[PDB]
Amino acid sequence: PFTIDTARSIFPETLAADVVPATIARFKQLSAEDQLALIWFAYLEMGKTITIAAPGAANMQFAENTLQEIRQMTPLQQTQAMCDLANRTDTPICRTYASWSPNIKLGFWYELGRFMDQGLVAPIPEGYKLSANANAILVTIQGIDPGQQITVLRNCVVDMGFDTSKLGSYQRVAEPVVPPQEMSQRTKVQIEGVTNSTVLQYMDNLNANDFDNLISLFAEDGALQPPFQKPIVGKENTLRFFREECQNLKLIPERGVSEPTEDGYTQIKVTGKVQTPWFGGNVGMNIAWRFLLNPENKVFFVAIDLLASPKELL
C-alpha cells in the first residue's frame, strides 16, 4: 500500500524550517573568502548568548594531524587551506577532511577558531567587508531561532572539503561507538497522547545510545529521513548513520497523535525538543517525528523535521 516516497508526505501540515536549506543555498552562491568571513561573524555573534561545548580528546585525535600541519604552515598557506576547504578543491587536506564525520569536521573548525583568536592561524582581515548578498544572509541568520542558526552552521561545515563522490581511497573516519548507557541508569520518555511502544523504545534507545536495540524496531524495508536530507533506506545504512552521527543526543518529546491509516498501517506524529551534545541545554531544537508504522508496528518510515517555530509543536 505504502512506499518510502508516499510515506514522506505523512502529516503534510507539519511546517518544516526550510529557511535552513534556503539560507544554505544563498550562502553557497558567495565567494570562498566571503563564506569564511560570514561564518566567523555569525559564530562570534552566536557565542554572545549561546555557549558551545569544547570537544573531547576522543574527537580531537582524528583532526590532530591535519591541525598540526595547518599550525606549522605560513599565513598565506593557512588562508589558502581554509579557502580550499570552502571551495571544495582537490588538495590532500580537503581529501582528509572529506573522509571525516560531521562531529570531526565541527571539532576541527572549533580548534581553528581558537587558533584564529590566539593568533596561531591567520585571522579574518580586520579590513574585511562582506558583499551586499553576504550581509543580507548574515541578517537572516541573526533573525532565525538558535536551533535553525546551529543547523545552518553545521550544514556549512559538513558541505566543505573535497567532494565525497569519486574517492579513490576513503576510510570513513568516525568517532568510536560509546557503549550503550547501563539499563539501570536509563530514563524513560513520556509522550502526551502516545503510548505506542515502538515510538517509546525509539526515543529511549536513542537517548541511551543503544543503536543495536534501536535498529531492531525498524522493518527490513525501513528508512529514516534526517532534517533536510534524503531518506536513508535499509537497516545497514540506518545503523551506520546512528553509530557515526547520532551519539549523545537528548530527545525530549512532549506530545503526539497516533492515527490508523490504510491496510493496518499506523501514522504517528510526535513533537518536542532535541538537544545536541555541541550545546547541551543551551539550545532546544523544535523537532517533529513523523512515523509510519507497518501492521506489525515496525518502523517502515520515520521523518525527523526541524520545525519553523515553537508554534509547530502544537
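Numbers for residues come from their place in the sequence shown, where the first is 1.
Quiz item: If you average the CA temperature factors over each stretch, which comes out higher, 261 to 269 or 241 to 249?
Solution: Between 261 to 269 and 241 to 249, it is 261 to 269.
Exercise. Higher average CA B factor in the deposited record is what I'm after, so tell me if that's 289 to 297 or 16 to 24.
Key: Comparing 289 to 297 with 16 to 24, the higher average CA B-factor belongs to 289 to 297.
Quiz item: If you compare 47, 280, 56, 256, which has the highest Cα B-factor in the entry?
Solution: Of the candidates given, the C-alpha B-factor peaks at 56.
Practice problem: Among 195, 103, 164, 151, single out the one with the highest C-alpha B factor in the record, please. | Solution: Out of 195, 103, 164, 151, the record gives the largest C-alpha B-factor to 164.
Quiz item: Can you tell me which third, lowest, middle or highest, the CA B-factor of residue 107 falls into for its chain?
Solution: Tercile = middle for this residue's CA B-factor.
Quiz item: Once the chain's modelled residues are ordered by C-alpha B factor and cut into thirds, is residue 70 in the lowest, middle or highest one?
Solution: It belongs to the middle third of the chain when residues are ordered by C-alpha B-factor.
Practice problem: Would you mind checking where the Cα B-factor of residue 200 ranks among the modelled residues of its chain, as the lowest, middle or highest third? | Solution: Ranked within chain, residue 200 CA B lands in the middle tercile.
Quiz prompt | Record-listed C-alpha B factor of residue 187: chain third | solution = Highest third - that is where residue 187 ends up once the chain's C-alpha B-factors are sorted.
Quiz item: According to the PDB entry, is the CA B factor of residue 227 in the bottom, middle or top third of its chain, that is, lowest, middle or highest?
Solution: Lowest third, going by the recorded CA B-factors of the chain.
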